[PDB]
């Protein structure tokens, strides 16, 4: 596309460090555009992301680096009967009435445990000491991974993140950095060594862990789903499900710190925490551009005639700064009117874990603000955000008077 020749000079490093300047141009120039270093069409606006995500002429496809990492059948990358089965497999523990039965007793004692380690220190780096551990410890216990330390769960999602988002391609469309999948393969090998004995056990002795239910639910007597059939969805969980509530919490906190009067409002009135989190997810979407769809028929989207079989990456984090919807979207504003957003995606492949995720983030922030009501950001340290596929702050140094 001639007038987008500037896109040939966009680099993977640029998109990882800060994709918003390129995507502001895309939303104005070409809401559906082929980005050479990603080797794919990308959807950048709210209208195009929502249309592709809900279109009957599209179905799910995994991004190239996502498929190299997760294989088949990753719940995000399949359709039809396999997708319906995998959705029926994951949905029981995520049902709102079910989450409401036990989410408080799950997350609140975990939040308190991690807080007790630093709440009298006067300083902390909340990404590593709080947001990530609460997120992974909550989900890890729900899954049946109680014995996998939070440090290890955090390491695995970081390696899987880098492998799944190792998207750069060269002039021939080949991956530019094939070595960057090695740590994804190493994480998977480690996960197998830990999880294979647990699956061996659960097949014979089912329990209330979610993965035990994935093996047994809905199956004929004495049968379980084959572990190779469920492992790619285990990996989907050990990346995003483990990573994103912590990133959403942390981005919400960075946003609140950027508006001190609003941080104060929320600490004084914790019933505003859900609204603060919803704006946090719009402001820096944790899953920023990690999923995609593929056309099943020739289709015209945003004036582009796509043949059948065309992948489109859904850059929901850009869509959530669409100035057709939002005033000054790069500013965090608690008091934005509560409008639809796309941080959980849309359509038949929209996030299955919204209700659980929102509660994890809510409870963690409630406990944080109760424990440390005079929490302040350490303005001697900068907050750097990183990531194009998954995005969040790489640290969050704070201070408080002791």
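Numbering follows the first chain given and starts at 1.
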Residue range whose averaged C-alpha B-factor is higher in the record, 86-94 or 217-225: 217-225
Would 112-120 or 174-182 have the larger average of its C-alpha temperature factors, as given in the entry? 112-120
Which one of 195, 78, 313, 272 shows the top CA temperature factor in the record? 272
Which is it among 24, 381, 16, 9: the one with the largest CA B-factor in the entry? 381
Residue 39: CA B-factor among chain residues, third -> middle
Tell me, lowest, middle or highest third: where does the Cα B factor of residue 348 rank within its chain? middle
Just say lowest, middle or highest third for the CA B-factor of residue 32 relative to the other modelled residues in its chain. middle
Modelled-residue ranking by C-alpha temperature factor, third containing residue 332: highest
Within-chain third of residue 326 by Cα B-factor, per the entry: highest
